[PDB]
Amino acid sequence: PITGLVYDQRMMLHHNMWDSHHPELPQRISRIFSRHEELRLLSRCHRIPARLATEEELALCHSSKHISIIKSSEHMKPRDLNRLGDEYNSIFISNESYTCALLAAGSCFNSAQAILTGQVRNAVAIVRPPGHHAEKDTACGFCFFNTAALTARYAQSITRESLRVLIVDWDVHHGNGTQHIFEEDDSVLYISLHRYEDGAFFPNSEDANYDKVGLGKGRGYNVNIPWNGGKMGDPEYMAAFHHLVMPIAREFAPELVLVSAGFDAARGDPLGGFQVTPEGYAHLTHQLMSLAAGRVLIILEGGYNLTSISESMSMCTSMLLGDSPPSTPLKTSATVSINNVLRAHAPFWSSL
Ligand SMILES: COc1ccc(-c2csc(C(=O)NOCCCCCC(=O)NO)n2)cc1
Ligand SMILES: [Zn+2]
Ligand SMILES: [Zn+2]
Ligand SMILES: [Zn+2]
Ligand SMILES: [Zn+2]
């Protein structure tokens, strides 16, 4: 099989003890997996085992202080879990949370190793909790450890430190944690598309504006594509890929592509309120397959409509497997955003 897939039910264990209906649901991953079964995709994929990230692997991106706190949650009584959760922006913690975050990251290391040692060409990682808001020193926005960031460092640690890794983050929210981790790094290109609303959208920071292009040797290696006003869908995202994502990615000529693949920009998503279709995410995946000789790992981030995320992610796996892609003027604010990013990134990317 040319595509690997990682899925472990143990990552369902993480749960919100006080709100069993919180939208970051255990069945996010089971619903995705079972849709893979329905669409006859599981039989085509090589099953990659999950495993725990080690603490030394976590230290690739996270402080020992942060690591320490999250690990301590394993032995906390309910009252302390509740207090600890409450110290961060939108986090719940149960006693299984730590183990699940380890699994999510280790699952992605195994997937990256599977791709880099030629076991598979590409892979999809059906994991939770998500990763991309987690910073070096703190959890945030349902995220404990930065799964995609760790995977990029892990990939470098088992090849060469200078391995060029692209992270495309198509979650509807900005990956503050990913940007910050790699903000002064030219070895990891970070590209994020995200609803912004001039700062009114989570995570509610100007860090996500198109003018944050990176720092030091990192200048040009942080691309933020912010949406302001309007339910963006397939047209805006395709246009963003044509004018920005792909021209820049091609020039960077990455050796591994990581997708921070939230499906919360999908039609039906209560959190995102956008309109990207499964076929849309299919075309995005197919386009990214033209980079790094096909060496793409798709990592689940957010996405809260169980039907939308299951149909979307399954469609991405279908494209990785090499199926044909399945079959509208832009909103104005989208043209505007694309044009602003083009201007901010012209200094760095001659493709633009
Ligand atoms: C009926 O319409 C609805 C509107 C909102 C919600 C809801 C549930 S919680 C939350 C929210 O926005 N919390 O703020 C934290 C965000 C972190 C995101 C995690 C991620 O996807 N990282 O990219 N919003 C539910 C229904
Ligand atoms: Zn990310
Ligand atoms: Zn994003
Ligand atoms: Zn960077
Ligand atoms: Zn999200």
# chains A, B, ... in the order shown; residues from 1 in each chain; ligands from 1

$ residues_near_ligand --ligand "ligand 4" --cutoff "12 Å" --atoms "only C-alpha atoms and all ligand atoms" --output "VMD selection string"
chain A and resid 149 152 164 to 168 176 to 192 212 to 224 252

$ residues_near_ligand --ligand "ligand 3" --cutoff "12 Å" --atoms "only C-alpha atoms and all ligand atoms" --output "JSON, numbers by chain"
{"A": [131, 132, 133, 167, 168, 169, 170, 171, 172, 173, 174, 175, 176, 177, 178, 179, 190, 191, 192, 193, 194, 195, 196, 201, 202, 203, 208, 209, 222, 223, 224, 225, 226, 227, 237, 259, 260, 261, 262, 263, 264, 265, 272, 300, 301, 302, 303]}

$ write_last_selection --atoms "C-alpha atoms" --output "PDB file, in the first residue's frame"
ATOM      1  CA  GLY A 131      -2.056  20.321  18.507  1.00  0.00           C
ATOM      2  CA  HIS A 132      -1.610  23.602  16.675  1.00  0.00           C
ATOM      3  CA  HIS A 133      -2.470  26.161  19.415  1.00  0.00           C
ATOM      4  CA  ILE A 167       3.348  22.820   7.372  1.00  0.00           C
ATOM      5  CA  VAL A 168       0.115  23.766   5.660  1.00  0.00           C
ATOM      6  CA  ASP A 169      -2.528  24.586   8.272  1.00  0.00           C
ATOM      7  CA  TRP A 170      -5.992  24.680   6.746  1.00  0.00           C
ATOM      8  CA  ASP A 171      -7.766  24.491  10.074  1.00  0.00           C
ATOM      9  CA  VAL A 172     -10.151  27.501  10.193  1.00  0.00           C
ATOM     10  CA  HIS A 173      -8.215  28.848  13.196  1.00  0.00           C
ATOM     11  CA  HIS A 174      -4.687  30.223  13.206  1.00  0.00           C
ATOM     12  CA  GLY A 175      -2.027  27.836  14.540  1.00  0.00           C
ATOM     13  CA  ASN A 176      -0.499  30.357  16.944  1.00  0.00           C
ATOM     14  CA  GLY A 177       1.652  27.620  18.527  1.00  0.00           C
ATOM     15  CA  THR A 178       3.116  26.420  15.237  1.00  0.00           C
ATOM     16  CA  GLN A 179       3.910  29.935  14.069  1.00  0.00           C
ATOM     17  CA  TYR A 190       4.504  27.568   8.019  1.00  0.00           C
ATOM     18  CA  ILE A 191       1.461  28.476   5.892  1.00  0.00           C
ATOM     19  CA  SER A 192      -1.840  29.124   7.592  1.00  0.00           C
ATOM     20  CA  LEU A 193      -5.220  29.952   6.196  1.00  0.00           C
ATOM     21  CA  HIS A 194      -7.664  31.056   8.876  1.00  0.00           C
ATOM     22  CA  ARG A 195     -10.716  33.135   9.678  1.00  0.00           C
ATOM     23  CA  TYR A 196      -9.356  36.318  11.298  1.00  0.00           C
ATOM     24  CA  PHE A 201     -11.855  35.277  15.940  1.00  0.00           C
ATOM     25  CA  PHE A 202     -10.090  32.729  18.150  1.00  0.00           C
ATOM     26  CA  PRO A 203      -7.282  32.937  19.006  1.00  0.00           C
ATOM     27  CA  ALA A 208      -2.379  35.955  12.741  1.00  0.00           C
ATOM     28  CA  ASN A 209      -2.292  38.946  10.409  1.00  0.00           C
ATOM     29  CA  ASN A 222       5.683  32.336   8.099  1.00  0.00           C
ATOM     30  CA  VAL A 223       2.774  32.871   5.717  1.00  0.00           C
ATOM     31  CA  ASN A 224      -0.559  33.899   7.238  1.00  0.00           C
ATOM     32  CA  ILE A 225      -3.609  34.030   4.938  1.00  0.00           C
ATOM     33  CA  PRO A 226      -6.336  35.752   7.061  1.00  0.00           C
ATOM     34  CA  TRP A 227     -10.011  35.861   6.098  1.00  0.00           C
ATOM     35  CA  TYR A 237      -9.435  28.388  -0.840  1.00  0.00           C
ATOM     36  CA  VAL A 259      -0.988  19.141   6.877  1.00  0.00           C
ATOM     37  CA  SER A 260      -2.473  20.655   9.999  1.00  0.00           C
ATOM     38  CA  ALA A 261      -5.800  19.390   8.708  1.00  0.00           C
ATOM     39  CA  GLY A 262      -8.654  20.877  10.748  1.00  0.00           C
ATOM     40  CA  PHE A 263     -12.051  20.422   9.033  1.00  0.00           C
ATOM     41  CA  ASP A 264     -13.710  23.328  10.848  1.00  0.00           C
ATOM     42  CA  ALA A 265     -13.729  25.463   7.681  1.00  0.00           C
ATOM     43  CA  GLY A 272     -16.057  27.993  11.779  1.00  0.00           C
ATOM     44  CA  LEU A 300      -6.291  15.855  12.164  1.00  0.00           C
ATOM     45  CA  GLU A 301      -6.595  19.214  14.003  1.00  0.00           C
ATOM     46  CA  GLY A 302     -10.095  20.664  14.656  1.00  0.00           C
ATOM     47  CA  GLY A 303     -13.482  20.108  12.945  1.00  0.00           C
TER      48      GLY A 303
END

$ atom_distance --atom1 "CA of residue 9 in chain A" --atom2 "CA of residue 72 in chain A"
22.6 Å

$ residues_around --residues "residue 341 in chain A" --least-positions-apart "2" --cutoff "9 Å" --atoms "only C-alpha atoms" --output "JSON, numbers by chain"
{"A": [210, 211, 223, 224, 225, 226, 244, 336, 337, 338, 339, 343, 344, 345, 346]}

$ write_last_selection --atoms "N, CA and C atoms" --output "compact mmCIF listing (two decimals), in the first residue's frame"
# COMPACT_ATOMS: atom_id res chain seq x y z
N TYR A 210 -1.51 39.00 8.11
CA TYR A 210 -0.65 38.66 6.98
C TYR A 210 0.72 39.33 7.12
N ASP A 211 0.81 40.36 7.97
CA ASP A 211 2.07 41.07 8.07
C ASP A 211 3.00 40.37 9.05
N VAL A 223 3.75 32.30 6.63
CA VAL A 223 2.77 32.87 5.72
C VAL A 223 1.38 32.77 6.34
N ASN A 224 0.77 33.92 6.64
CA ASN A 224 -0.56 33.90 7.24
C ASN A 224 -1.56 34.41 6.21
N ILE A 225 -2.61 33.62 5.92
CA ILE A 225 -3.61 34.03 4.94
C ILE A 225 -4.92 34.24 5.70
N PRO A 226 -5.20 35.48 6.18
CA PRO A 226 -6.34 35.75 7.06
C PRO A 226 -7.63 36.11 6.32
N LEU A 244 -1.05 31.77 -3.90
CA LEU A 244 -0.17 31.89 -2.75
C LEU A 244 0.43 30.55 -2.32
N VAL A 336 -9.18 40.72 -1.56
CA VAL A 336 -8.47 41.68 -0.74
C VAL A 336 -7.39 40.99 0.08
N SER A 337 -7.73 39.91 0.80
CA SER A 337 -6.78 39.19 1.64
C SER A 337 -5.63 38.65 0.80
N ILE A 338 -5.97 38.02 -0.33
CA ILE A 338 -4.96 37.36 -1.15
C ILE A 338 -3.93 38.39 -1.60
N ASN A 339 -4.43 39.59 -2.00
CA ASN A 339 -3.65 40.73 -2.47
C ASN A 339 -2.76 41.30 -1.36
N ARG A 343 1.48 41.08 -1.27
CA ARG A 343 2.33 42.25 -1.04
C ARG A 343 3.31 42.02 0.12
N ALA A 344 2.85 41.35 1.18
CA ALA A 344 3.69 41.07 2.34
C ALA A 344 4.74 40.02 1.99
N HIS A 345 4.46 39.14 1.02
CA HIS A 345 5.36 38.02 0.77
C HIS A 345 6.18 38.18 -0.51
N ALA A 346 5.88 39.21 -1.32
CA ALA A 346 6.72 39.52 -2.48
C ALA A 346 8.19 39.67 -2.08

$ select_by_dssp --residues "range 15-249 of chain A" --states "alpha helix (DSSP H)" --output "PyMOL selection string"
chain A and resi 27-38+55-58+64-72+78-86+97-116+147-157+176-181+234-240+246-249

$ write_last_selection --atoms "C-alpha atoms" --output "tab-separated table (two decimals), in the first residue's frame"
chain	number	residue	atom	x	y	z
A	27	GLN	CA	-16.18	10.22	18.42
A	28	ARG	CA	-14.51	12.82	16.21
A	29	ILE	CA	-11.88	10.15	15.44
A	30	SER	CA	-14.12	7.08	15.48
A	31	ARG	CA	-16.56	8.74	13.05
A	32	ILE	CA	-13.67	9.58	10.70
A	33	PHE	CA	-12.27	6.03	10.97
A	34	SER	CA	-15.62	4.34	10.39
A	35	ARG	CA	-16.28	6.55	7.34
A	36	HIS	CA	-12.91	5.31	6.02
A	37	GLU	CA	-14.35	1.78	6.38
A	38	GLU	CA	-17.61	2.71	4.60
A	55	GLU	CA	9.39	13.09	27.02
A	56	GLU	CA	12.64	13.69	25.13
A	57	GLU	CA	10.63	13.85	21.91
A	58	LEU	CA	8.25	16.37	23.55
A	64	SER	CA	10.16	20.92	30.67
A	65	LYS	CA	7.82	23.04	32.85
A	66	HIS	CA	4.89	22.59	30.43
A	67	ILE	CA	5.62	18.88	29.97
A	68	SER	CA	5.74	18.55	33.75
A	69	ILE	CA	2.32	20.15	34.33
A	70	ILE	CA	0.47	18.15	31.68
A	71	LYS	CA	1.98	14.87	32.89
A	72	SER	CA	0.93	15.68	36.49
A	78	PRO	CA	-11.54	15.86	39.54
A	79	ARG	CA	-11.39	19.16	41.45
A	80	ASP	CA	-7.71	19.68	40.50
A	81	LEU	CA	-8.28	18.72	36.88
A	82	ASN	CA	-11.00	21.41	36.77
A	83	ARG	CA	-8.72	24.04	38.31
A	84	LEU	CA	-5.85	23.09	35.98
A	85	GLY	CA	-8.07	23.19	32.87
A	86	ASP	CA	-9.25	26.64	33.97
A	97	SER	CA	-5.61	13.47	28.51
A	98	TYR	CA	-1.82	13.27	28.88
A	99	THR	CA	-1.71	9.70	27.49
A	100	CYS	CA	-3.93	10.71	24.56
A	101	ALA	CA	-1.73	13.73	23.69
A	102	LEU	CA	1.35	11.46	23.77
A	103	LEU	CA	-0.46	9.02	21.48
A	104	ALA	CA	-1.44	11.75	19.03
A	105	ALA	CA	2.17	12.93	18.71
A	106	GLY	CA	3.78	9.47	18.68
A	107	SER	CA	1.29	8.32	16.07
A	108	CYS	CA	2.50	11.12	13.84
A	109	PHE	CA	6.20	10.35	14.48
A	110	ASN	CA	5.56	6.75	13.36
A	111	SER	CA	3.74	8.09	10.29
A	112	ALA	CA	6.61	10.45	9.47
A	113	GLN	CA	9.15	7.67	9.92
A	114	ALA	CA	6.95	5.39	7.76
A	115	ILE	CA	7.09	8.03	4.95
A	116	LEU	CA	10.76	8.93	5.34
A	147	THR	CA	1.62	17.51	17.24
A	148	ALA	CA	2.53	19.01	13.83
A	149	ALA	CA	5.46	21.03	15.18
A	150	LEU	CA	6.84	17.98	17.05
A	151	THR	CA	6.46	15.84	13.93
A	152	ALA	CA	8.51	18.41	11.90
A	153	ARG	CA	11.30	18.40	14.52
A	154	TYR	CA	11.05	14.62	14.84
A	155	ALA	CA	11.39	14.29	11.05
A	156	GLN	CA	14.54	16.44	11.14
A	157	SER	CA	15.98	14.50	14.06
A	176	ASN	CA	-0.50	30.36	16.94
A	177	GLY	CA	1.65	27.62	18.53
A	178	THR	CA	3.12	26.42	15.24
A	179	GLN	CA	3.91	29.93	14.07
A	180	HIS	CA	5.60	30.82	17.33
A	181	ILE	CA	7.68	27.66	17.48
A	234	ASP	CA	-14.07	26.29	-2.15
A	235	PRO	CA	-13.56	29.34	-4.46
A	236	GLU	CA	-11.51	31.39	-1.99
A	237	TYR	CA	-9.44	28.39	-0.84
A	238	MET	CA	-8.65	27.26	-4.38
A	239	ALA	CA	-7.72	30.82	-5.29
A	240	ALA	CA	-5.56	31.08	-2.16
A	246	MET	CA	1.38	26.48	-4.18
A	247	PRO	CA	3.70	29.15	-5.74
A	248	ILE	CA	5.41	29.61	-2.37
A	249	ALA	CA	5.52	25.84	-1.53

$ closest_residue --among "A:289, A:60, A:143, A:296" --to "ligand 5" --atoms "only C-alpha atoms and all ligand atoms"
A:143

$ residues_around --residues "residue 120 in chain A" --least-positions-apart "2" --cutoff "8 Å" --atoms "only C-alpha atoms" --output "VMD selection string"
chain A and resid 1 to 4 46 114 to 115 117 to 118 122 to 123

$ write_last_selection --atoms "N, CA and C atoms" --output "PDB file, in the first residue's frame"
ATOM      1  N   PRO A   1       0.826  -1.204   0.000  1.00  0.00           N
ATOM      2  CA  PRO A   1       0.000   0.000   0.000  1.00  0.00           C
ATOM      3  C   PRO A   1       0.866   1.262   0.000  1.00  0.00           C
ATOM      4  N   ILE A   2       0.398   2.302  -0.690  1.00  0.00           N
ATOM      5  CA  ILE A   2       1.229   3.492  -0.798  1.00  0.00           C
ATOM      6  C   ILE A   2       0.873   4.519   0.276  1.00  0.00           C
ATOM      7  N   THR A   3      -0.284   4.342   0.937  1.00  0.00           N
ATOM      8  CA  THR A   3      -0.776   5.291   1.934  1.00  0.00           C
ATOM      9  C   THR A   3      -0.793   4.596   3.291  1.00  0.00           C
ATOM     10  N   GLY A   4      -0.221   5.251   4.306  1.00  0.00           N
ATOM     11  CA  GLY A   4      -0.389   4.721   5.650  1.00  0.00           C
ATOM     12  C   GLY A   4      -1.569   5.396   6.365  1.00  0.00           C
ATOM     13  N   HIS A  46      -1.906   0.979   4.603  1.00  0.00           N
ATOM     14  CA  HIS A  46      -1.083   0.251   5.546  1.00  0.00           C
ATOM     15  C   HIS A  46      -1.316   0.869   6.916  1.00  0.00           C
ATOM     16  N   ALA A 114       7.414   6.310   8.801  1.00  0.00           N
ATOM     17  CA  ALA A 114       6.950   5.395   7.757  1.00  0.00           C
ATOM     18  C   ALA A 114       7.175   5.996   6.360  1.00  0.00           C
ATOM     19  N   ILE A 115       6.956   7.323   6.220  1.00  0.00           N
ATOM     20  CA  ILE A 115       7.086   8.028   4.955  1.00  0.00           C
ATOM     21  C   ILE A 115       8.561   8.211   4.584  1.00  0.00           C
ATOM     22  N   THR A 117      11.254   6.505   5.613  1.00  0.00           N
ATOM     23  CA  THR A 117      11.988   5.264   5.375  1.00  0.00           C
ATOM     24  C   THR A 117      11.367   4.480   4.208  1.00  0.00           C
ATOM     25  N   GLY A 118      10.416   5.079   3.497  1.00  0.00           N
ATOM     26  CA  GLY A 118       9.924   4.490   2.262  1.00  0.00           C
ATOM     27  C   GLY A 118       8.927   3.359   2.505  1.00  0.00           C
ATOM     28  N   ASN A 122       2.782   8.254   1.643  1.00  0.00           N
ATOM     29  CA  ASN A 122       2.054   9.315   2.305  1.00  0.00           C
ATOM     30  C   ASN A 122       1.210   8.663   3.393  1.00  0.00           C
ATOM     31  N   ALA A 123       0.560   9.479   4.233  1.00  0.00           N
ATOM     32  CA  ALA A 123      -0.103   8.939   5.404  1.00  0.00           C
ATOM     33  C   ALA A 123      -1.142   9.930   5.897  1.00  0.00           C
TER      34      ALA A 123
END

$ select_by_dssp --residues "range 78-301 of chain A" --states "strand (DSSP E or B)" --output "ChimeraX atom specification"
/A:122-125,140,143,165-169,188-195,222-227,233,256-261,266,275-276,296-300

$ closest_residue --among "A:25, A:6, A:319, A:271" --to "ligand 5" --atoms "only C-alpha atoms and all ligand atoms"
A:271

$ residues_around --residues "residue 230 in chain A" --least-positions-apart "4" --cutoff "9 Å" --atoms "only C-alpha atoms" --output "list in words"
residues 274, 331, 332, 333 and 334 of chain A

$ write_last_selection --atoms "C-alpha atoms" --output "mmCIF file, in the first residue's frame"
data_model
loop_
_atom_site.group_PDB
_atom_site.id
_atom_site.type_symbol
_atom_site.label_atom_id
_atom_site.label_comp_id
_atom_site.auth_asym_id
_atom_site.auth_seq_id
_atom_site.Cartn_x
_atom_site.Cartn_y
_atom_site.Cartn_z
ATOM 1 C CA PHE A 274 -17.392 28.525 6.459
ATOM 2 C CA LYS A 331 -16.010 37.107 -2.337
ATOM 3 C CA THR A 332 -14.409 40.552 -2.297
ATOM 4 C CA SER A 333 -12.751 40.308 1.093
ATOM 5 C CA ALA A 334 -11.035 37.155 -0.212
#

$ closest_residue --among "A:26, A:229, A:270, A:49" --to "ligand 5" --atoms "only C-alpha atoms and all ligand atoms"
A:270

$ closest_residue --among "A:140, A:257, A:292, A:321" --to "ligand 5" --atoms "only C-alpha atoms and all ligand atoms"
A:140

$ closest_residue --among "A:90, A:5, A:347, A:308" --to "residue 22 in chain A" --atoms "only C-alpha atoms"
A:90

$ residues_around --residues "residue 62 in chain A" --least-positions-apart "5" --cutoff "8 Å" --atoms "only C-alpha atoms" --output "PyMOL selection string"
chain A and resi 67+135-137+145

$ closest_residue --among "A:305, A:146, A:95, A:205" --to "ligand 2" --atoms "only C-alpha atoms and all ligand atoms"
A:146

$ decode --residues "range 159-176 of chain A" --atoms "N, CA and C atoms" --output "mmCIF file, in the first residue's frame"
data_model
loop_
_atom_site.group_PDB
_atom_site.id
_atom_site.type_symbol
_atom_site.label_atom_id
_atom_site.label_comp_id
_atom_site.auth_asym_id
_atom_site.auth_seq_id
_atom_site.Cartn_x
_atom_site.Cartn_y
_atom_site.Cartn_z
ATOM 1 N N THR A 159 16.460 12.508 10.077
ATOM 2 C CA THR A 159 17.083 12.648 8.773
ATOM 3 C C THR A 159 18.289 13.560 8.945
ATOM 4 N N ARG A 160 18.143 14.827 8.548
ATOM 5 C CA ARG A 160 19.120 15.864 8.824
ATOM 6 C C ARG A 160 18.343 17.047 9.371
ATOM 7 N N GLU A 161 19.013 17.817 10.242
ATOM 8 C CA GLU A 161 18.429 18.941 10.954
ATOM 9 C C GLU A 161 17.857 19.939 9.960
ATOM 10 N N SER A 162 18.441 19.991 8.767
ATOM 11 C CA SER A 162 18.034 20.992 7.802
ATOM 12 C C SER A 162 16.920 20.497 6.858
ATOM 13 N N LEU A 163 16.342 19.308 7.091
ATOM 14 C CA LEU A 163 15.233 18.820 6.275
ATOM 15 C C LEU A 163 14.159 19.899 6.107
ATOM 16 N N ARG A 164 13.796 20.215 4.852
ATOM 17 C CA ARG A 164 12.794 21.240 4.622
ATOM 18 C C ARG A 164 11.393 20.633 4.791
ATOM 19 N N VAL A 165 10.702 21.114 5.826
ATOM 20 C CA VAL A 165 9.361 20.646 6.112
ATOM 21 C C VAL A 165 8.415 21.824 5.905
ATOM 22 N N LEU A 166 7.413 21.624 5.037
ATOM 23 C CA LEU A 166 6.273 22.526 4.906
ATOM 24 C C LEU A 166 5.150 22.071 5.842
ATOM 25 N N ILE A 167 4.584 23.017 6.618
ATOM 26 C CA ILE A 167 3.348 22.820 7.372
ATOM 27 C C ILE A 167 2.283 23.698 6.748
ATOM 28 N N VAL A 168 1.303 23.052 6.101
ATOM 29 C CA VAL A 168 0.115 23.766 5.660
ATOM 30 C C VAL A 168 -0.990 23.506 6.678
ATOM 31 N N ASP A 169 -1.544 24.603 7.198
ATOM 32 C CA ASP A 169 -2.528 24.586 8.272
ATOM 33 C C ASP A 169 -3.821 25.183 7.733
ATOM 34 N N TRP A 170 -4.753 24.283 7.381
ATOM 35 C CA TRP A 170 -5.992 24.680 6.746
ATOM 36 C C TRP A 170 -7.146 24.577 7.738
ATOM 37 N N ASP A 171 -6.812 24.285 8.997
ATOM 38 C CA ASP A 171 -7.766 24.491 10.074
ATOM 39 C C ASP A 171 -8.328 25.918 9.983
ATOM 40 N N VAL A 172 -9.589 26.157 10.371
ATOM 41 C CA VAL A 172 -10.151 27.501 10.193
ATOM 42 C C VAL A 172 -9.529 28.511 11.171
ATOM 43 N N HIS A 173 -8.850 28.004 12.192
ATOM 44 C CA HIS A 173 -8.215 28.848 13.196
ATOM 45 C C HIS A 173 -6.707 28.908 12.960
ATOM 46 N N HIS A 174 -6.119 30.048 13.337
ATOM 47 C CA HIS A 174 -4.687 30.223 13.206
ATOM 48 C C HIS A 174 -3.946 29.313 14.187
ATOM 49 N N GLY A 175 -2.869 28.678 13.714
ATOM 50 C CA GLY A 175 -2.027 27.836 14.540
ATOM 51 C C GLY A 175 -0.968 28.701 15.220
ATOM 52 N N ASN A 176 -1.392 29.463 16.228
ATOM 53 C CA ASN A 176 -0.499 30.357 16.944
ATOM 54 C C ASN A 176 0.749 29.608 17.406
#
